[PDB]
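Student: Here goes the first bit of my complex:
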Amino acid sequence: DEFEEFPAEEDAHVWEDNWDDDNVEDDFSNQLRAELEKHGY
């Protein structure tokens, strides 16, 4: 029962990706280095 009444209107990734992957932030190494530097003094 094709609902023709409603019109029927790169990233070839095979792995499922959750939302957290999209979030943009400095690499973990930079974060850890900065935190250790700031807690070193």
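Tutor: Great, that's in hand. Numbers count the residues shown, from 1 in each chain, chains lettered A, B, ... in the order given.
Student: so how many other residues sit close to residue A:21?
Tutor: Using other C-beta atoms under 10 Å, residue A:21 has 8 other residues around it. No exception for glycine: its C-beta is placed from N, CA and C like everyone else's.
Student: Go ahead and report the secondary structure state at it.
Tutor: At residue A:21, secondary structure determined by DSSP: H, G, I helix; E, B strand; the rest coil is helix.
Student: From residue A:13, how far out is it?
Tutor: Here the criterion is C-beta to C-beta, to the nearest Å. By it, residue A:21 lies 10 Å from residue A:13.
Student: which parts of the longest helix anywhere in chain A are buried?
Tutor: Secondary structure of chain A per DSSP state H: the longest helix is helix A:28-39. Neighbour-count burial for helix A:28-39 flags no residue at all (criterion: 16 or more other C-beta atoms under 10 Å).
Student: Please put the alpha-carbon coordinates of it into PDB.
Tutor: The C-alpha atoms that make up helix A:28-39 are tabulated as PDB, following Å, rounded to 0.1, in the frame of the first residue of the first chain:
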ATOM      1  CA  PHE A  28      42.500  13.700  24.700                       C
ATOM      2  CA  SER A  29      46.300  14.100  24.800                       C
ATOM      3  CA  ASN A  30      46.100  17.900  24.800                       C
ATOM      4  CA  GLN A  31      43.400  17.900  27.500                       C
ATOM      5  CA  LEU A  32      45.400  15.600  29.800                       C
ATOM      6  CA  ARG A  33      48.600  17.500  29.200                       C
ATOM      7  CA  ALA A  34      47.000  20.900  29.900                       C
ATOM      8  CA  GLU A  35      45.300  19.500  33.100                       C
ATOM      9  CA  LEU A  36      48.600  18.000  34.400                       C
ATOM     10  CA  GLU A  37      50.400  21.300  33.600                       C
ATOM     11  CA  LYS A  38      47.800  23.300  35.500                       C
ATOM     12  CA  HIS A  39      47.800  20.900  38.500                       C
END
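Student: next one is chain B, place it on the structure:
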Amino acid sequence: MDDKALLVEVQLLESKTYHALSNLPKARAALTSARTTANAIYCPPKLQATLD
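Tutor: To build on what is shown above, here is chain B added in:
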């Protein structure tokens, strides 16, 4: 080659080095082979002590 005393010594050394690397199964297999070759030749007191 037929020099089995040096073979026993070398197998014992390999077993010891295997144990030092945490590869216990292979170390035990090497020690079993060394014991098998030792119970086929004259094991002097020093070699017997090392094997034991």
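Student: ok, back up a step: now the longest helix of chain A, how far from the centre of its chain.
Tutor: 22 Å (C-alpha atoms, centre = their mean, to the nearest Å).
Student: what helices or strands is it leaning on?
Tutor: For helix A:28-39, there is no helix or strand it packs on, judged by 3 or more C-beta pairs under 8 Å, 6 or more residues apart in numbering or on different chains; DSSP states H and E.
Student: which residues sit against it?
Tutor: Helix A:28-39 has contacts (C-beta atoms under 8 Å, 6 or more residues apart in numbering or on different chains) with residue A:25.
Student: Then stretch B:22-41?
Tutor: Outside stretch B:22-41, the residues that touch it by C-beta under 8 Å, 6+ apart are B:4-5, B:7-8, B:11-12, B:14-16, B:18-19, B:47-48, B:51.
Student: Which of those ranks first by neighbour count?
Tutor: residue B:8 (24 neighbours; other C-beta atoms under 10 Å in any protein chain shown).
Student: tell me the contacts of that one?
Tutor: By C-beta under 8 Å, 6+ apart, the contact set of residue B:8 is B:34, B:37, B:38, B:41, B:43, B:47, B:51.
Student: what about the first one, how many neighbours?
Tutor: The local packing count at residue B:34 equals 23, with neighbours defined by other C-beta under 10 Å.
Student: Could I get the CA-only coordinates of the helix or strand where it lies as CSV?
Tutor: Here residue B:34, judged by DSSP states H and E, is contained in helix B:24-38. The C-alpha coordinates for helix B:24-38 follow below in CSV (Å, rounded to 0.1, in the frame of the first residue of the first chain):
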residue,chain,number,x,y,z
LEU,B,24,54.7,-20.5,31.4
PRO,B,25,53.2,-23.1,29.1
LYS,B,26,56.1,-23.0,26.6
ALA,B,27,58.6,-22.9,29.4
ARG,B,28,57.1,-26.0,31.0
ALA,B,29,57.1,-27.8,27.6
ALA,B,30,60.7,-26.9,27.1
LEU,B,31,61.5,-28.1,30.6
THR,B,32,59.7,-31.4,29.9
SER,B,33,61.7,-31.8,26.7
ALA,B,34,64.9,-31.1,28.7
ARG,B,35,63.9,-33.7,31.3
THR,B,36,63.2,-36.2,28.5
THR,B,37,66.6,-35.7,27.0
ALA,B,38,68.2,-35.8,30.4
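Student: Chain C follows; place it on the structure:
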Amino acid sequence: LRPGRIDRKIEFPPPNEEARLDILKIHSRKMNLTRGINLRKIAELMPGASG
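Tutor: Now chain C, sitting on the chains shown earlier:
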């Protein structure tokens, strides 16, 4: 053992070299053999295996 009660007496000689290889293949089918497991050498090491 008269040829009217027992007609055919089939002998079962101990397997020969090719027979030993065939038996090894038969009993090693389900085994996990490793490349370089030449069975002809093993069979040659069994001169008169019962089967």
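Student: once more on the neighbour count of residue B:34, with chain C this time?
Tutor: When neighbours are defined as other C-beta under 10 Å, residue B:34 has 23 of them.
Student: just residue C:5 next, same as before
Tutor: Quick note: residue C:5 (other C-beta under 10 Å) scores 6 neighbours.
Student: same deal with residue B:38?
Tutor: Count around residue B:38 with other C-beta under 10 Å applied: 21.
Student: In contact with the residue nearest to the spatial centre of chain C, which residues?
Tutor: In chain C, the C-alpha nearest the mean C-alpha coordinate belongs to residue C:20, at 3.5 Å (C-alpha atoms, centre = their mean). The neighbours of residue C:20, taking C-beta under 8 Å, 6+ apart as the test, are C:43, C:46, C:49, C:51.
Student: Repeat the analysis, applying 10 Å as the threshold.
Tutor: By C-beta atoms under 10 Å, 6 or more residues apart in numbering or on different chains, the contact set of residue C:20 is C:14, C:39, C:40, C:42, C:43, C:44, C:45, C:46, C:47, C:48, C:49, C:51.
Student: Reformat the residues you listed as a markdown table; add neighbour count.
Tutor: Formatted as a markdown table, the contacts of residue C:20 follow (neighbours: other C-beta atoms under 10 Å in any protein chain shown):
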| residue | neighbour count |
| --- | --- |
| C:14 | 12 |
| C:39 | 15 |
| C:40 | 12 |
| C:42 | 13 |
| C:43 | 21 |
| C:44 | 12 |
| C:45 | 9 |
| C:46 | 16 |
| C:47 | 10 |
| C:48 | 8 |
| C:49 | 14 |
| C:51 | 10 |
